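Presented as structure tokens, the chain that follows is alone, the form deposited in one PDB entry.
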């Protein structure tokens, strides 16, 4: 990597560190001390999740490069113009600097007479303008590749599913909090704030939006089954993704019936609980048996792992396995809380804590999914 790239990575990291310390101090001492904080870190939560995801994805790229996993060939990339982990760190640091500046501007109202609620819009809009910038200036190859991939993923059944499409769609499952926060931002900027006072910091559709990434992966799996006509690897995981639909709709029904105090609430509660188990198991086993390929028959000397191990220490696997089992359930509940009103008290704390943990779980999942895809042609993308 170029020396200036490493310098910019370090510069962005240092600015981000100092701005995080300043942000913590300003929040502790001089935020409002009485008004509220929740509407602020629910708009900024999605941006923070995106920055964290980019940083962890740079870590993933470094791990794949060191371990010998050919993620360039798996993602169908040219081995001469791809992004290193340095560039991912650089993008994450720059976006984190913008996020910290926007949040500090929200904290420090007397900066100007400009309303506070325009600061989030200046951030996310910039994140759009950076992404869809057609001037061929900043990471134009990678940005155009990502835009094409997003178009293919969101128009899911009408395109052949390569590894990149499935990977991005399955990672949108971990980033669904971003979509929920976008919906919340639309609702807040349509019906909540006053648009004339500094009320950015205050003194049904949601359930359907929660299942959008699961819907994309479900229709992708249906398309894969249609193309390949293999019932086992392409319909079992379709049911795995549909368990998310069932859990979300049962949680929504429970919340709606409990809002009116109906007698059917219980007859739904247990149902949701059952699916809360099934989904949590259905996604978990696929993570450990199909995504990662562990618990193989020909384990050999390695215990509970496969015959071939790419990463230097097998211990990295075992904790990861535990981590997955710990966080998969933590993911599942994090959905039901976010898409419904299951916990009118708390809930925001639970989602705000579990969403970074879900991104971390996806980050850990990437290592071994790519390791499996490299060693054995799992997913059958050739």
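In this text, the rigid core denotes the largest set of C-alpha atoms whose superposition between the two forms falls within 1.5 Å. Residue numbers count along the first chain shown, from 1.
Of the other entries compared for this protein that flank it with modelled residues, a third or more give no atoms for residue 203. Unmodelled stretch separating residue 157 from residue 158: none (count of deposited-sequence residues without coordinates).
Quick note: we don't show the form deposited in another entry, though the next part is all about it.
Comparing the forms between this form and the one not shown on their rigid core, the Cα displacement of residue 33 reaches 2 Å or more. Taking 2 Å as the criterion, residue 70 does not count as shifted between this form and the one not shown: its C-alpha moves by less than this amount when the rigid core is aligned. Annotation for residue 6: C-alpha shift under 2 angstroms between this form and the one not shown, rigid core superposed. Relative to this form, residue 377 and residue 224 separate from one another in the other form, with their C-alpha atoms ending up at least 3 Å farther apart.
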